[PDB]
């Protein structure tokens, strides 16, 4: 039922506004230990010999690297994505240039995606960046992904009950609730807001009085858009392990300036990054994946805020390997 004291608290607004984080130390510690499993950087190797574009046969992305650099990259990739399966998860034992296993081609696209994240989306990931580990956490299937309908459990490493399974229709409301922090909001914010750029998140008018021509009948956005935005915000909050006041002064949710924290602006860029990743990198992979990875509408698994963050405001508490692996970005 309850969580024993003390609580850790922070301040995110002017004194007396009750803005800030509220954290249970035991929960923070458990997430710290889970995220501390991030393998250390492999020892640096000296750049020696010709570029692997001249040495190897089928290197399209990492061709600028030397042999020792490149094999270091491949050892790191293995540790991050497929430590239990090994090099043979993506490779034929007898022909390392063969693309015959699907994880090879997917991994190539993931290399491009990861490079794009660290080069084009610095507005969100800053100097911290992402590696393969940020999402994958040492398994080929990342633990936190989304289909075009909600699924339980959130962590796909846990085994679903009969009701949790997506085909059991009686469990739909619970599947949806647990994606919106246990609210009864009847909207799936992933498919509405994060799968593509079709919907506007903002719903609050920016005028005191209702403007003539947008304020009556079918001219109006239905109230459902406000429920859906709220549902997105519940989901976002839970995915970062925080609350609304981390980003907003609830006096005016719609206002920027002093009414928002810098974290709100970073989150804004995050919505755009996730849309780019889903539309242009992750959703097209349904062609290259087996049918047992696809969802019930032939969709590839896609990313939300949780995919990287996993209940923490900075993924892996701000741990970085950017300097240790220049080949993952930023690229000049």
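Residue numbers count along the first chain shown, from 1. Note that the rigid core is defined as the largest set of C-alphas that superpose within 1.5 Å between two forms.
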Can you check whether 53 to 61 or 40 to 48 lies farther from the displayed model in 8 other deposited structures of this protein, averaging C-alpha distances as RMS after superposing on the core?
40 to 48
Can you tell me whether 260 to 268 has a higher mean C-alpha B factor than 289 to 297 in this record, or the other way round?
289 to 297
Average Cα temperature factor in the PDB entry - higher stretch of 51 to 59, 302 to 310:
51 to 59
Ranked C-alpha temperature factor of residue 225 among modelled chain residues, by third
lowest
Name the third of the chain's ranked CA B-factors that contains residue 190, choosing lowest, middle or highest.
middle
Comparing residue 164 with the other modelled residues of its chain, is its CA B-factor in the lowest, middle or highest third?
middle
Residue 238 - Cα temperature factor, lowest/middle/highest third of chain:
lowest
What third of the chain, by the recorded C-alpha B-factor, contains residue 248?
lowest
